[PDB]
Amino acid sequence: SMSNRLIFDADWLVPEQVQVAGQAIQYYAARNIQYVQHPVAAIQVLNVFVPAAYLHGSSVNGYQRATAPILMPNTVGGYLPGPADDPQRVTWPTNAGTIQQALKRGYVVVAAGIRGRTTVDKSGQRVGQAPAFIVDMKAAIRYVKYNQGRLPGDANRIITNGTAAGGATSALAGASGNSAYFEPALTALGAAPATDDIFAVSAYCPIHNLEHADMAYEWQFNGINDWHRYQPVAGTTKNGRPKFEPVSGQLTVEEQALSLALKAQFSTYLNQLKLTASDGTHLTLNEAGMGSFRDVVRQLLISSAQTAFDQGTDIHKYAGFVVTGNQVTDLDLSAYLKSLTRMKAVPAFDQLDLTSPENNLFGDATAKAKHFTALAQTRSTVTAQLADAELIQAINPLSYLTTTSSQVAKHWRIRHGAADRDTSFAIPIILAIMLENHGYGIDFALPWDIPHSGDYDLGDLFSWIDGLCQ
Ligand SMILES: CCOC(=O)c1cc(O)c(O)c(O)c1
């Protein structure tokens, strides 16, 4: 209610400790902070964790109370609700280990709970479909910036972090700072009166650009007709972490036909983005999906392989790599993708029967799920509507990057694993190139043999953050 002034009080911080690399990391915690005045779901609270030195007038890793970066990680996956995280949390989902390491590095951590597609209110009504996820992230950022000074940390050094759907959340926060689109939702929540533009973005395998992801996926995997993925099993564990089992299939003749069309359409979509390489040449694809953009994808995988090769990793785990002497000199991209295997069927994202997590994300209070592409709406196997065009645009980080804007974070670090088949490599690559093209700082790679995952390179992530902030 209005009695919640959204004023942080350092008096709330209580001393705790956690082991990191066999040493004690002392910190202070304040949990369960209601970050808006009119919440609709219990999950909308945030936790604050502060290196202990900052309450005793001292330094960690070149930072002090007033200057420390504020890391804002999220636990969003599958566009599902992402509860407020905690270095002591063991319940799934959690990136508790990352919070522990961040505290050791001297970062203040503000871990916010975020509504997701399955969130319901006290009455059983859905209140967490798009754009709830990004509205909550923005509201949490506004709470932090409103409380600049009161909260330890530099509110002008907010760095979001997330994996997969959570990576898209982090990226969207960096892309869409102070966008007027979200103002009515934030007003209705009673968010703090502050801005929500942030300093830097960390994003692992961001599952974004959803309305073009079906095209990208088929451009990549057309010609590969068996798929392999996971679906759950039963089971009751103490950590609440969903247990999965493999399930495989083969594309129907009809799916294969749809694939060829989707792949063909990708060329036109890609070309009209007007992406450029460093020397300024347009990155394109021809009718058959070959060309300079495809060569960029290949080159990134060669770079990935070279890095691993230099480490003594056997890159011939997968097919297609040509090694001459000590150099990975080429790559048969088709052979690599065949050895990596296709994960998702066709369409991969906008399923014709409305059964995907993205279909459910785009539902609302009336409809559990919606389509978000013309193709799937036309070929729908169930009665369905298309989601609002402005909403699809609003939650895509690319929509904000047609320009060199003061509201977009200046500093980006994106990773997508070389063994991650949850979306096409083209998807994070398009984000990365668009960022560079518009003069933003972008640190990008496809790390060798890394699956769908995040937070696996903390040493390098933190070194990057420290390079920006110290
Ligand atoms: C479930 C793992 O990661 C995700 O966040 C995620 C979300 C999606 O919407 C996907 O389509 C996906 O493959 C992964």
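Residues numbered from 1 in each chain as written, not as in the entry; some residues may be left out. Heavy atoms only, no water.

### Here we look at the overall build of the chain
From N to C terminus, the chain includes 13 helices and 13 strands. For the C-alpha atoms alone, the extent of the chain along its principal axes is close to 65 × 55 × 50 Å. Put simply, of all contacts in the chain between residues at least 6 apart along the chain, 71% involve residues at least 24 apart. Only carbon and sulfur atoms are counted for the fraction: they give 51% of the accessible area of the chain, which is about 19,000 Å². Each charge class in the chain was averaged separately, 34 positive and 40 negative side chains, and the resulting centres sit 5 Å apart. (Helix = DSSP H or I, 4+ residues; strand = E, 2+ residues; numbered from the N terminus. Contact = heavy atoms within 4.5 Å. Areas by Shrake-Rupley, 256 points an atom, 1.4 Å probe, with all protein chains shown as cover. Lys, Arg positive; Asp, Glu negative; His and termini not counted. Charge placed at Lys NZ, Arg CZ, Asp CG, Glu CD.)

### What to know about the UniProt feature "domain: BD-FAE-like" (unreviewed entry) in the chain
Mapped onto this numbering, the UniProt entry gives "domain: BD-FAE-like" (unreviewed entry) at residues 96-206. Annotated as 38% helix and 14% strand, the span residues 96-206 places its first and last C-alpha atoms 20 Å apart. (UniProt positions renumbered as here; feature names shortened; annotations may be inferred.)

### Notes on the site of the ligand
In the region of the ligand, the neighbouring residues are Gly77, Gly78, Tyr79, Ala164, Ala165, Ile207, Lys344, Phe349, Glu358, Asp422 and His452. Residue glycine 78 places a main-chain N or O atom 2.6 Å away from an oxygen atom belonging to the ligand. With respect to the ligand, the side chain of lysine 344 contributes an N or O atom lying 2.6 Å from an oxygen atom. Calculation on the ligand without its partners gives an accessible area of 350 Å², and the protein chains cover 79% of this total. Looking at the shell around the ligand residue by residue, the classes come out as 5 nonpolar, 3 polar and 3 charged. (Near = heavy atom within 4 Å. Polar contact = N/O pair within 3.5 Å; in protein donor to acceptor, adjacent residues only side chain to side chain. Nonpolar A, V, L, I, M, F, W, Y, C, P; charged D, E, K, R; others polar.)

### Here we look at the environment of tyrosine 336
With respect to the secondary-structure elements, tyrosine 336 resides in helix α8 (residues 333-340). Judged by relative accessible area, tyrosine 336 falls into the buried class, the value being 0%. Placed 19 residues apart in sequence, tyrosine 336 and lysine 317 show a C-alpha to C-alpha distance of 9.9 Å. Excluding residues that lie within four positions of it along the chain, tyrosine 336 makes contacts with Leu301, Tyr318, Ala319, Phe321, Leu331, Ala418, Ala419 and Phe425. (Buried < 20%, exposed > 50% of the residue type's maximum accessible area, 1.4 Å probe, protein only.)

### A closer look at the environment of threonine 75
Relative to the elements of secondary structure, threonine 75 occurs in the loop between β4 (70-73) and α1 (96-104). Residues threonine 75 and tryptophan 92, spaced 17 residues apart in sequence, show a C-alpha to C-alpha distance of 9.0 Å. Beyond its immediate stretch of four places on either side in the chain, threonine 75 contacts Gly82, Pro83, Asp85, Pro93, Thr94 and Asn95. At 3.5 Å, the side chain of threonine 75 forms a polar contact with the backbone oxygen of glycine 82.

### Focus on the side chain of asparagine 359
Along the chain, the position of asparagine 359 falls in helix α9 (residues 357-361). Those residues in contact with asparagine 359 that lie beyond four places of it in its chain are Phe349, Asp350, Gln351, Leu354, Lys368, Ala369, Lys370, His371 and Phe372.

### Thoughts on helix α7 (residues 292-310)
For α7, built from 19 residues, the straight-helix expectation of 27 Å at 1.5 Å per residue is met to within 8% by its first-to-last C-alpha distance of 27 Å. Within the sequence span of α7, burial applies to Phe293, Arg294, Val297, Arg298, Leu301, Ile302, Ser304, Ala305, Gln306 and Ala308. Structurally, α7 contributes buried residues whose contacts are with α5 (210-221), α6 (253-271), β10 (321-324), β11 (327-331), α8 and α12 (426-437). (Expected span 1.5 Å × (residues − 1).)

### Some words on unusual backbone geometry
Cis geometry is adopted by the peptide bond preceding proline 93, which originates at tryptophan 92 and carries an omega value of 0°. By the element assignment, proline 93 lies in the loop between β4 and α1. Backbone torsion omega between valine 346 and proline 347 reads -5°, so that peptide bond is classified as cis. Counting through the fold element by element, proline 347 comes out in the loop between α8 and α9. Unlike most non-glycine residues, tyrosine 79 shows phi in positive territory, near 60°. You can see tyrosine 79 is positioned in the loop between β4 and α1. With relative accessibility at 3%, the residue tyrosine 79 sits in the buried group.

### A closer look at the sheet that holds β4
Here 9 strands make up an open sheet; going across it, the order is β1-β2-β3-β5-β4-β6-β7-β12-β13 and the pairing mixed. Two strands bound the open sheet, and with one partner strand each, they are β1 (14-20) and β13 (441-445). Direction aside, neighbouring strands of the sheet carry axes that sit 20° apart on average. The strands that helix α13 (residues 458-469) touches are β4, β6 (158-163), β7 (200-204), β12 (411-415) and β13; relative to β12, the one it contacts most, it runs at about 170°. (Pairing = 2+ DSSP bridges. Axes fitted to C-alpha atoms, helices over the stretch in contact; angles between N-to-C directions.)

### A look at the pattern of salt bridges
Per the stated rule, a full pass over the model turns up 14 salt bridges. With a shortest N-O distance of 2.7 Å, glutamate 218 and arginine 342 are connected by a salt bridge. With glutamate 218 in helix α5 and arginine 342 in the loop between α8 and α9, the pair connects residues that are 124 residues apart, well separated along the chain. Each of the two residues, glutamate 218 as well as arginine 342, counts as buried. Residue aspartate 295 is joined to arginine 298 by a salt bridge in which the shortest nitrogen-to-oxygen separation is 2.9 Å. (Salt bridge = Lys/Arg side-chain N within 4 Å of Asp/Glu carboxyl O.)

### Quick word on the packing of aromatic side chains
For the structure on display, the rule yields 18 aromatic pairs. Seen in terms of ring centroids, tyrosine 107 and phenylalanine 462 are 5.1 Å apart; in terms of plane orientation they differ by 80°. Their pairing is edge-to-face. Placement of the pair is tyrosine 107 in the loop between α1 and β5 (108-112) and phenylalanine 462 in helix α13, with a sequence separation of 355 residues. For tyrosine 107, a relative accessible area of 0% translates into the label buried. (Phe/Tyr/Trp six-rings, centres within 6.5 Å; stacked < 30°, edge-to-face > 60°.)

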